[PDB]
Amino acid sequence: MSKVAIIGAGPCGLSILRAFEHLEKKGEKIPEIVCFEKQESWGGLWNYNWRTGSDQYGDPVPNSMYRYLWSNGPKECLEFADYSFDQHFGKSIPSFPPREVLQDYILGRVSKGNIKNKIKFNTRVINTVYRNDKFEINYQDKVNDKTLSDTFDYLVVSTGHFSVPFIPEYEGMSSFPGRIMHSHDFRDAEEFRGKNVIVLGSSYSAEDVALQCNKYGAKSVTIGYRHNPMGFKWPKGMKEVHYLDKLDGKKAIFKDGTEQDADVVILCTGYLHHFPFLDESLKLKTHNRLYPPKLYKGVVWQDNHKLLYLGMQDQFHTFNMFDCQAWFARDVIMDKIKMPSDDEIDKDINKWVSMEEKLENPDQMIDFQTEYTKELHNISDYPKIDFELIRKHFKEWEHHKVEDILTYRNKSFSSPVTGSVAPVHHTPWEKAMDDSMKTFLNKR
């Protein structure tokens, strides 16, 4: 009899819609659910959008994915327990597919039934306050340029945290004559063919963007790190150096003495958790990390147990962790799972936060999120999936990347759901210039 709002229809919002659909299909009555999505269609980050900055309605563009993007982790690590790769594709496919393939899989899971009709598209939530036991929500109908309002018993926030970029200033940028952009702006790497590219950062975006620039013909790619190099085996035309000091006209000067002519600077400097549409009292505030505090089981807002955040952690696991989070949130909403005492909640948060702060390397992090996700898995009825296999997969994958960053996407992993072994793709990733699902799924 309650009414539930979901903000965002990407993997997380879809996860919980799907979780609810499971109950409805079994004949259980479920709450009225309204899902708000600022994009014109579902899929979240998995939708490619040529647009950058802000859209035709002045709404910031949430899309960060670029042309030629391929899965950067084993697809087997992100398989849906309730909708296997085998079921969706009707056959085994390689472990690292291009974006369109995974998008098709994501949307395939939810496109059979009534989920889509629950989503309001081109609709942007803009204000949220909790009053008299309800979330009062204002949202802009963008096409009509009109503010609407409604009231909900539960609010699920699933707006991700890789859309609003963090963009630091470096000396000399105000006089730089080339392009300065953030990875969030990166669209078609062909833009930089024949150009000298600087990328700043040391995580997945710096890694992949640098590779894409080289793959699509950049004259050179120079990666600057502040703390430690990524240290991967970069191919010719790429180097990694310590810390941009300044841009001096067309010249990038680093603290280790390196000087490099630069045509473009790409800041792969991460993203903000950004919730302008939430009251200060409801608003999660954190940097990107495996376990922000104030989130019971990493989902329930400590100070308001009817506000639930999905997907807000930094990510090794993704789709099936979102699922475990969503099933949990569903069950909290349905009063299947009961909230422990304030003291126990706080103690449990501190237990995980304390573990999280001591993590020293990717192996410990993988183990951490594995245990986090498995604990969630055990408190609801999300179907069988082998998180122990996924643990090993992630570790093997990390070793592949250090072995050879160019070929890790050529490796094969087994499904933690069906056991199916992924075949080796008909094209090595380092040579695969065509990123279409058609080219991928069909014979060479």
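Throughout, we count residues from 1 along the sequence that is shown.
Per the PDB record, of the two stretches 131-139 and 320-328, 131-139 carries the greater mean B-factor over its C-alpha atoms.
Mean C-alpha B-factor is higher over 344-352 than over the other stretch, the pair under comparison being 69-77 and 344-352.
For the set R289, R187, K195, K297, the maximum C-alpha B-factor listed in the entry falls on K195. Comparing the listed residues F89, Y372, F96, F162, the entry records the largest Cα B-factor for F89. The entry lists a Cα temperature factor for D104 that places it in the middle third of the chain's modelled residues. Sort the chain's modelled residues by C-alpha temperature factor and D314 lands in the lowest third, per the entry. Annotation for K392: CA B-factor lies in the highest third of the chain's modelled residues.
Split the chain's modelled residues into thirds by C-alpha temperature factor. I379 is in the highest one.
In this PDB entry, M181 carries a Cα temperature factor that places it within the lowest third of its chain's modelled residues.
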